[PDB]
């Protein structure tokens, strides 16, 4: 079943229910996921209206770009030239600049394929918007199927050589309550290295570091509390996790990460080289989600993209996009029940 209704400010809420009775919802305001429920329980963080996103926090569940993450001094080099982008976090350009794509109303069309339903959102970033060369015709397809797979497929074409590396900003919290920390969740992640941050401004330090056998090593499943309790310098610097993890083996075919709570698991697949993990280190901010005050560590993202900092660490990749060349990316989040035995206490 497919259902649509006004969500506020002119945005719509598109709600899907698959054959297994699992429901998921999206809005065209920032081509974003609003909710995902199983048995009446929220699997992710989200608000009840458009206004809330704009008044409380506009990133949760959104599509962010054109470049996800921080770009030191807002400086990028395009086909030989240096370009300065909108600077919204001090001298840094964070998540494409102020009033970016996550704040726009995208147009959309729904395609019903039976066992699969696709929601294709479109938007044009005009040439020069927030300093980005263009224009860039973008499209984000969110699809949900009978197999409980939520897939995100990105496509883009630019009239001019530019940069492009968007991502999906969903926050998971298997407790279904923002006021409950995700430290009770188990995490498995196929990554042996990470990118440390320079300082509080959160730009990259410049080096790549091996995390095997440290508190950030999740190759073998472990409780999140091990990280949160860590006194490692990087952890203390941001009061939790807020870093890019470099995947060891690439390819859409491999389960790169798995987040588990009791009988529920979320598996992560992607064709991108890294996953930026941010554990909502908001401290006492207490943003209200469904009338619940959010706690420090009350959520966790899995932002799959080319790691930020490629401007300083060329080894991370190249986010350039040549005029006329078609960009594509695919990330998938799949829901499973009883994939493993996870019975713990905190």
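Residue numbers count along the first chain shown, from 1.
- In this entry, the higher average B-factor at the C-alpha atoms falls on 257-265, of the pair 163-171 and 257-265.
- Once the C-alpha B-factors are averaged per stretch, 51-59 and 295-303 rank with 51-59 first.
- Within the selection 117, 84, 71, 124, the deposited Cα B-factor values reach their highest point at 84.
- Comparing the listed residues 45, 285, 280, 31, the entry records the largest Cα B-factor for 285.
- Among all modelled residues in this chain, the alpha-carbon of residue 18 has a temperature factor (C-alpha) in the highest third.
- Among the modelled residues of the chain, residue 99 sits in the lowest third by CA temperature factor in this PDB entry.
- Remark: residue 337 belongs to the highest third of its chain, ranked by C-alpha B-factor as recorded.
- Sort the modelled residues of the chain by CA B factor and residue 188 lands in the middle third.
- Among all modelled residues in this chain, the alpha-carbon of residue 320 has a temperature factor (C-alpha) in the middle third.
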